[PDB]
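Okay, so here's just one chain, in structure tokens, the form deposited in one PDB entry.
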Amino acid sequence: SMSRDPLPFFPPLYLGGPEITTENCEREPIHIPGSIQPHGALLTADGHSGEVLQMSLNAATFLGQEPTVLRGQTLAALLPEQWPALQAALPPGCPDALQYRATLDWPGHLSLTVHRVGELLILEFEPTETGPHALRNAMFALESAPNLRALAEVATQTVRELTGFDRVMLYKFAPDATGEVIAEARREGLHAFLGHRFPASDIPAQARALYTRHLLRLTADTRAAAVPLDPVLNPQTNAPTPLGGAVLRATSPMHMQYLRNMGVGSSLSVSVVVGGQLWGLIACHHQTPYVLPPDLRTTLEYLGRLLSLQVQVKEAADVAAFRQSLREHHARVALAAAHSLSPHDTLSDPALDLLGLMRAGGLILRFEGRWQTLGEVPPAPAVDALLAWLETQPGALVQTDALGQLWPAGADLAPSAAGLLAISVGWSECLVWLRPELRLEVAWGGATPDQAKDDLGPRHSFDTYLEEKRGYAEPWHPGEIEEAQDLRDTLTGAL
């Protein structure tokens, strides 16, 4: 499941933490690596006095002064033009997600990004210097996309045209936290991840959780050593420094090794957040090291928000059509059922077509003291056994794309009843939809969820793995389930 809290994390390695393997990678404290990426510099100063507390060891390269020299100095002295503005944009108690950005001139322009975590100020320094109307045209192009897929294509195309990344993907999450590449823009000859599904373990729970709050992260060079902070612990608390809000945060070694195994030299992703949930990612790859300029990144962030809105719109539409047809069918069935004196004969009416309602191949109707069937159904003893299994079921509605999971002794009923959609009307009487077993191949990107726990480190295989799943049927559309509940209410109230 994706709607869950992350597992409690281990202490980091510099605090005596355990080595991170695939057995405990869900518990790596990625938000406190105590280090940054070498393409920029980072300061941590007191939120009230502005006294510099922690510094990256490479700060001399960007600031022109040694770490031991700047340590102890106030931001009021180092940045007299930005310090009051810095304080104004980041009032005490503000979310650590709130960022303030400014440009500075120094012996080369430096982009400064500041945010506030607890009683600490985090300052990021990156060297800095696009298309004139590319963003606007992109926004209108996204809004005028006919459907989700077209929207995804427009987004990937646009991001790749703006950045020049070797690969750009729209990665959509599923409720089971697995994801799927639903659009891809790439250079010729480069391997295609389009249409492939990846295990949830590829993006562990704490990573997803972090990515719900902080919407952009990257790895400029997957072979660059991280630059530690000095001191590594926040002097205020003698505790780790929260770097979740810092784009310069050192990437988890596990994901670094993963990217190197994928043949990726540079990575970047923007979160797509819908209704407070992580819907997907704009995932970017480059075969060679690449530091994307802060302004271009800002453009990508704008794209992230626009996409976050338009996804909701397009999915609302794609739902709306099918749901309209569905509701019309519900109107027919409800009109027919209000006047029924023989529920079996009314619901077995070919005119009503209760089978085409859920696109099912089988139907079991149970009313009065008997049951009837329609279409492809299991044998009568199997029917009675199934009805008993529903009598054992506690819920009001049962839904599955594989009955073999819920009911073991019913796994042999897969040919006619692989998928099941049952509803009770106070389990003496009920309606049961059945879908037959289907030859389904899921294209995984190198491994199934079961295979990811086999290697101690990240895998090296990312080519197409066609998992042939059996005992499964056509997945129940959520709309059809809503329709099932609506039908439960209607039939309960009418009968």
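We call the rigid core the largest set of C-alpha positions that still match within 1.5 Å between the two forms. Just count from 1 along the sequence shown to find any residue number.
Item to check | Missing residues, deposited sequence, between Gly426 and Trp427 (class: none, 1 to 3, 4 to 9, 10 or more) | outcome: Missing residues, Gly426 to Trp427: 1 to 3.
Item to check | Unresolved deposited residues in the interval that joins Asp318 and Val319 | outcome: According to the record, the chain runs unbroken from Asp318 to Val319.
Checklist entry - Comparing 475-483 with 20-28, which has the greater mean CA B-factor as deposited? => result Result of the comparison: 475-483.
Item to check | Average Cα temperature factor in the PDB entry - higher stretch of 359-367, 201-209 | outcome: The entry gives the higher C-alpha B-factor average to 359-367.
Next on the checklist: Out of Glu376, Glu153, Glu81, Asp96, whose C-alpha atom has the biggest B factor in the entry?
Outcome noted: Out of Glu376, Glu153, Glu81, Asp96, the record gives the largest C-alpha B-factor to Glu81.
Checklist entry - Which one of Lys172, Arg187, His255, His329 shows the top CA temperature factor in the record? => result The C-alpha B-factor peaks, among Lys172, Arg187, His255, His329, at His329.
Checklist entry - Of the three thirds of its chain by CA temperature factor, lowest, middle or highest, which one includes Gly72? => result Highest third - that is where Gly72 ends up once the chain's C-alpha B-factors are sorted.
Checklist entry - Would the CA B-factor of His196 place it in the lowest, middle or highest third of its chain? => result For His196, the deposited C-alpha B-factor lands in the lowest third.
Next on the checklist: Please place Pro91 in the lowest, middle or highest third of its chain according to the CA B-factor in the PDB entry.
Outcome noted: Middle third.
Checklist entry - Is the Cα B-factor recorded for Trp444 in the lowest, middle or highest third of its chain? => result Within its chain, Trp444 is a lowest-third residue by C-alpha B-factor, going by the deposited values.
Item to check | Modelled-residue ranking by C-alpha temperature factor, third containing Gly131 | outcome: According to the entry, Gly131 has a C-alpha B-factor in the chain's highest third.
Below, we refer to the form deposited in another entry, which is not included among the displayed structures.
Checklist entry - So with the core overlaid, does the Cα of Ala417 end up 2 Å or more away between this form and the one not shown? => result Shift at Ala417: 2 Å or more after core fit.
Checklist entry - So, does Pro381 move by 2 Å or more at the CA between this form and the one not shown, with the core held fixed? => result Yes; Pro381 is a residue whose C-alpha shifts (by 2 Å or more) between this form and the one not shown when the cores are overlaid.
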